[PDB]
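To keep things clear, I will list the structure first and then write my remarks on it.
Chain IDs A, B, C, D, E and F follow the sequence of writing; residue 1 opens each chain.
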Amino acid sequence: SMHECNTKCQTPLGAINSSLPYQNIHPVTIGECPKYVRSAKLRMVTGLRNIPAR
Amino acid sequence: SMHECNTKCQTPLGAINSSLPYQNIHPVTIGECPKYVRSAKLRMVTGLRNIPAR
Amino acid sequence: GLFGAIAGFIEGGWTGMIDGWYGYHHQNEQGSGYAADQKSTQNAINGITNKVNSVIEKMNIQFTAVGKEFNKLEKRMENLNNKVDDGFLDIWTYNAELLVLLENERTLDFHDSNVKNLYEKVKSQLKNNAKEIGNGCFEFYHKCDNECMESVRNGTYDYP
Amino acid sequence: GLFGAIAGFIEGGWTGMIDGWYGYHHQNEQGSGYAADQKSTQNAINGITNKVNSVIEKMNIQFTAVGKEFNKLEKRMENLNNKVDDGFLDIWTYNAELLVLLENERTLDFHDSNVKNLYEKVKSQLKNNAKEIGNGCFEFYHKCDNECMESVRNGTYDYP
Amino acid sequence: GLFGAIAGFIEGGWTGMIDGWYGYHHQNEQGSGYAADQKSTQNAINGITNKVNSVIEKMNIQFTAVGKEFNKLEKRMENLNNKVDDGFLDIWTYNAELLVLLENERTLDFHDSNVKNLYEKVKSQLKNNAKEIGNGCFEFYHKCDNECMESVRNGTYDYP
Amino acid sequence: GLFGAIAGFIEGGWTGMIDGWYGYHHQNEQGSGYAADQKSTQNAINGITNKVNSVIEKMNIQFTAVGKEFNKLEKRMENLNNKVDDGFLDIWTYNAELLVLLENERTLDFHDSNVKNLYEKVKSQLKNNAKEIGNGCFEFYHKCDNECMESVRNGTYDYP
């Protein structure tokens, strides 16, 4: 349903307000969306291996 | 303008989702709204007089 | 202050207490630090919570209030509607601000009272064992422990 | 991991470190505390920030991708369209999970590298004045200050 | 208490003292008993009687007020009548119950005031002839009679 | 009253006070006279000016309000006009005399409070250098001049 929201991306499921490179929402896009990928998790590590020494 | 939102109170300016006793938004109300009052501030103190002693 | 404790004989509050609205600062050989008086802090909190509840509960929630139309030969009934709505809005705005003003004055006087009654309880405990130095502070003559310092918080303190 | 420092010769990481990813813990007569080695931590943060930027930069933002209808005598061109859309989405999903597994391994290997580089710079610096105990811990033979522990952080330390 | 005498330094009230709201419990070798302080009791009774008369007199008696009929084409003037009757009933209930809550505190604070005012009046007679022992109880130094107990009631006993 | 100085142990006020609401009387060998305590007078005046402004400013100026005519078949809307105008006038009379009694009560306690706050502040300065003689009057042991009297006025005189 239409609402007075405004976003750089639209898909059939809803609008996407993100700066993440990939998305798994819907392949059909309108305007500047993230690239569609079928994966359920694409999480990169930035820190090191957590071993609390507990 | 009408949107797919739901609230216990409506006024001509917009819907009010609050548990505060008073409001100063608009006199015309629909449903379970706070009491309309012309005041710009009805802040009551609960703490003591702040003197940081800096 | 209406009791002369807050901004009076005690000049200012301590930012180092976070545990309550009233507390003490010790100066034992075992160290220093801030520690709330639980009883006066809870009695003040329950008093002020019942005050917050009372001013919210005693006025009822507003139901649907909607303005009515009046034609070219009903302008007396329009002016009846107008002065009813305006006159109700006057008395609700009148009672709202006067209740806030009176209860804000009272709240600060009630906190000033709770600092007074706390200081005077410590005076009735310590008595001959300490003198008034900083107006709020009590130099011990016998120099007792952190356990005896806690015995002044709960307020037993078994020494003349 | 691939360098035997993280989960290896140092048994586990310290939760008392918050200042940086790699750091030391002194046990002087001046007391104890966790203090990050800034140069190794910041160089790792630059290496991680550059990889994080790179993998986001290399994909270009997906413009309007709209579905195309084909009639009852164009089902070959629908099967060309569907094969093209599926085959690109296959390859792009494979590229995304490839670089996630590969670079997450390389990240843990890179941090494990930086912890052995942190240990070997301290071993080559403390030399004949200290021995290994807990594999990471260096008992001094002369007992020097927290200023001299800072001299091992910055990597000066003027005594063989 | 706002003055810290009722439920404060004096722990509780006496069921054996029935002659007034305040007074003193004498203890002698001649015998023990209760005796009201007529001055503080009567000034409190006059102050509370004028206070109770004030709010009763101030709410004037409601004259004849009945329901009005309106036909099928008079629903706006019926709902103006309803808005007027309900809005007056809101403000009269609100003002009555707030006045009760407020005045009930001011009465209890006034009684707590009169106990501290009576206590400090006896303290300013027994300066160096007695010491405080029970938080309300003064033990004498020279052990004076029932006449001396009555002299401390009536505003005399000007001993050092 | 509520604090026990005004009509309390300081039995009456001085007609020799003309510069302020509070102050001290001279009894030194340099001669008798009166000198107002400026800080207690000004803080009382600022509190009184704020409550005087608050009660005047809060309810706005009453604009044009005139009588309305009603014909022989408009007796219901005439008695609605009368019920509204009388009912609001009941509330405005009731609210005016509520605030007048309550603010006059609190004003006399506030002034009675300011005599406590000034009395205790001088007693905490004098301590062991002067006794109590006239309930207000504090007789000096060592004796001192009019400049040493002025030191007790201005908030200095820090002698055990």
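Heads up, the rule we're going with is that a residue touches a chain if its C-beta (ideal position, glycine included) is under 8 Å from a C-beta of that chain, and two chains touch if they have at least 3 such contacts.
Novice: Fewest touch steps from chain A to chain F?
Specialist: So the least number of steps between the two chains is 3.
Novice: Mean of the CA atoms for each chain, then the mean for all of them together: which chain is nearest?
Specialist: Ranked by how close its C-alpha centre lies to the overall one, first comes C.
Novice: For the two copies chain D and chain F, what is the rotation angle that overlays their Cα atoms, in steps of 5 degrees?
Specialist: 60
Novice: Decide which interface, A-B or B-C, involves more C-beta pairs in contact, and give its chain pair.
Specialist: B-C is joined by more C-beta pairs in contact.
Novice: When the C-alpha atoms of chain B and chain D are each averaged to a single point, how far apart are the two points in Å?
Specialist: Distance between chain centres: 50 Å.
Novice: Just curious, how far off is chain F from chain E if you go by their C-alpha centres, in Å?
Specialist: Using C-alpha averages as centres, the distance is 22 Å.
Novice: What whole-Å value do you get for the distance between chain B and chain E if each is reduced to the mean of its CA atoms?
Specialist: 38
Novice: Residues of chain A that contact two or more other chains, please.
Specialist: Within chain A, no residue contacts more than one other chain.
Novice: Quick check: what residues of chain F touch more than one other chain, meaning two or more?
Specialist: If we look for residues of chain F contacting two or more partner chains, we find 77, 80, 84, 91, 95.
Novice: Where do chains touch, given as pairs?
Specialist: Pairwise, the chains that meet the contact rule are A-B, A-D, B-C, C-E, C-F, E-F.
Novice: Can you check the complex and tell me which residues of chain D touch chain A?
Specialist: Answer in residue numbers: 1, 6-7, 11-15, 21, 48, 52, 55-56, 59, 61-67, 85, 89, 92-93, 96-97, 100, 103-104, 107-108, 111-112, 115.
Novice: Which of the residues in chain F end up touching chain E in this complex?
Specialist: 2-4, 8-9, 76-77, 79-80, 83-84, 87, 90-91, 94-95, 97-98, 101, 132, 135
Novice: For a test of understanding, state which residues of chain B touch chain C in their complex under the given definition.
Specialist: Within the complex, chain B touches chain C at residues 21-22, 27-39, 42-53.
Novice: Spell out the part of chain E that touches chain F in their complex, as residue ranges.
Specialist: 54, 58-60, 65, 68, 70, 77, 80-81, 84, 88, 91, 95, 99, 109-110, 113, 116-117, 120-121, 124, 127
Novice: Mind listing the chain B positions that touch chain A in their complex?
Specialist: 1, 3-4
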